[PDB]
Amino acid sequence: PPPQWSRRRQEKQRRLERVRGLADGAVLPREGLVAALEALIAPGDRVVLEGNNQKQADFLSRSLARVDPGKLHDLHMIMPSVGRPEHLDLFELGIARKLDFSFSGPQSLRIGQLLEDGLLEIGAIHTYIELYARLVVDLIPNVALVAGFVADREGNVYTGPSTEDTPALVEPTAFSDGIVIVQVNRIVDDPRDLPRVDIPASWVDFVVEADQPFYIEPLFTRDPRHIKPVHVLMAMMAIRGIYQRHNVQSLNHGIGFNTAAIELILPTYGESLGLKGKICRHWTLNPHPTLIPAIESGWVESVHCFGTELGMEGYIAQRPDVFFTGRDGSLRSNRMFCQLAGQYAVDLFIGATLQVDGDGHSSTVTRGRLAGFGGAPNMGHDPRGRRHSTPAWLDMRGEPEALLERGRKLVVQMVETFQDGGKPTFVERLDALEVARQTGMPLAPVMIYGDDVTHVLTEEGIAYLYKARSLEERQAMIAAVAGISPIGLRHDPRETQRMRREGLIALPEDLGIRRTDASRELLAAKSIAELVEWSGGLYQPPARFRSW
C-alpha cells in the first residue's frame, strides 16, 4: 500500500503512537484525556464534535476546551447543534476558528457576537442531512468526538435510544483514516453486557469512561401547561383545514408549542371529526411526550425517530409496535435515516418560525442573532427527486389528469401573526437580509423559501399558497391571513370574501370552527403530570419539567 498514495493513513498512524504509552488498547485514561486530545488532534484539523439536538458529548466537549491554545489552534468545528457553552468557548479561547453548523440553540446571540469580533468564522448554515452529506465530499473530517452509553474494551459502542447523528458522524471519519473517540458512561470488561452494538469497534479508535453520564437535552419536549388557547385555534385549523382536507397519512412536526397543540387535540378535536385512523398514521418524529395520548388513543401506527426525548426511553420500550426498537428492547433512533424519510417518504411538514416576508420567505435569523435551521430546510421543501405517488402528494396538482404535472409535498408554515414580544412575524424585509450583508454571507439565510410553502397557517386563517397562479397572487394570499402585521396591513378587507369563496384562504368560520371554541379543554393532557399518566407512569419527565 504505496507511500505517496496513503499519506493520511501514515498520518493517522503517526498520531496513534504519540498516545500508545498513554492508552492501553482502545481504552483512554479519564484524567489524561486532555493530553491525548493534544496528541490525536492536530492544529487545523476538521473536528466533528457531538452537539446533537439531544445527545451531547459533554465530557469530551469540556476537556477539549481545557486544551492548550498553542498546541491546538485553527480547529474547524463541525457540529450539527451548538447548544452547550463549552462549544463557543473553543472559539474565544482561540482553539477553534471555523464553524459549520446546522442548529444554533440558545447560543444565537453569542455566535453572532463572536463572529463579529473575528474569533469565529462561519462556513454556512446547513440542515443536518446536508452537513452529513458534506462529510464524504467538501468536509471530510479528521477527528470525531462522539458519545454512547456503554462500550467494551474492544471498541463496540451502545448508543441506544440516543443513537441520533452518531452513525453519520462516525462513518465518514472511521473510513477516511480519521480518528474516532467516543466517551461512554461505562466500560464493561465482558462484552456480552452490551445490550446491542450500534457502532462496530472497527470504526472506533478509542473509548473513554466519562466523568459523568453524557448530557441529554429534552430539546423537543414541550410543557402542555404553556399551550394557550390561540395555539389550540391554529391546531384545529391544521387538523381540519389541512390534514383532513388533503388526507395527510404521514407527516413530521417541527419543534414548537404550535405543533404540540396539534398532537394534543388529535384524540379530542380529531376524534370529534371521526378521523381516528383516517389520518396521521405514520410519523417521522422525535418521541414527543405530547404525542403520548395520540399513541394511546390509538392514532399512531408507526414512529421513526431522529433522537430520543429524555424520559421517554421506558415508555418506548413498552411500545415496540409503534417505535423502532432493537432486539435488546430499547429505541434505535437514526437522525440521518429519519431525516431522509422526513423528506422523501412523508406527506407533510409543519413547523413554526420567527419571521416571514410578503413572499413567504421564512427564517429564524434575526438582528445579530444567528439562529440555526435545524431540520427545517430538509423537510420544508418540495422534494423534487420524489416520484412515488401518495394521496396527499397528488392532491396538490392543479390539473389532475395532466400526466406531466407532478405532485408536491405539503409544506406548512404555522405561525401566529405576532411573535410575542410585540414584534410582528410577517415583516416587509427579513432580518436575515441585513445579517447577510454584515457577515459576508453570499445569500441571505432563509430557512424555508416562499416558493416552497404550500400552506400558510395563522390564528387568522389558512392561505392555500399551493394554488397561487402568480407571485402577486401568492403575496395577496399571505397578507390576507397576516393580521395587523405590516404585511397584513397591505390587505384590503373587501377582497376577503372573494378569496374565501375561491378557496384561496380559509377562515376558521370556513372550516366549521367557531374561534371562541378554542380553549385548553381540548388538550388531551393539560400538564406534564397528565402526560405521565396517559403513559401510565412510564414517562419519567426530566427534573426540569417535574412538579413533585
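In this text, residue numbers run from 1 along the sequence as written.
For the C-alpha atoms alone, is the average B factor greater in 478 to 486 or in 23 to 31, going by the entry?
The recorded data point to 23 to 31.
According to the deposited model, is the average Cα temperature factor higher in 275 to 283 or in 85 to 93?
Per the deposited B-factors, the answer is 85 to 93.
Between 329, 461, 450, 80, which one tops the list for C-alpha B-factor in the PDB entry?
Comparing C-alpha B-factors across 329, 461, 450, 80, the maximum falls on 329.
Name the residue from 421, 267, 254, 342 with the greatest C-alpha temperature factor listed in the entry.
Comparing C-alpha B-factors across 421, 267, 254, 342, the maximum falls on 421.
Consider only the C-alpha atoms of the modelled residues in this chain, order them by B-factor as the entry records it, and name the third containing residue 40: lowest, middle or highest.
Within its chain, residue 40 is a highest-third residue by C-alpha B-factor, going by the deposited values.
Assigned third (lowest, middle, highest) for the C-alpha B factor of residue 65
Its C-alpha B-factor belongs to the highest third of this chain's values.
Where does the C-alpha B-factor of residue 113 rank in its chain, lowest, middle or highest third?
Within its chain, residue 113 is a highest-third residue by C-alpha B-factor, going by the deposited values.
Third of the chain, ranked by Cα B-factor, where residue 46 sits:
For residue 46, whose C-alpha B-factor we compare with every modelled residue in the chain, the answer is the middle third.
Comparing against every modelled residue in the chain, figure out the third that the C-alpha B-factor of residue 54 lands in (lowest, middle or highest).
Tercile = lowest for this residue's CA B-factor.
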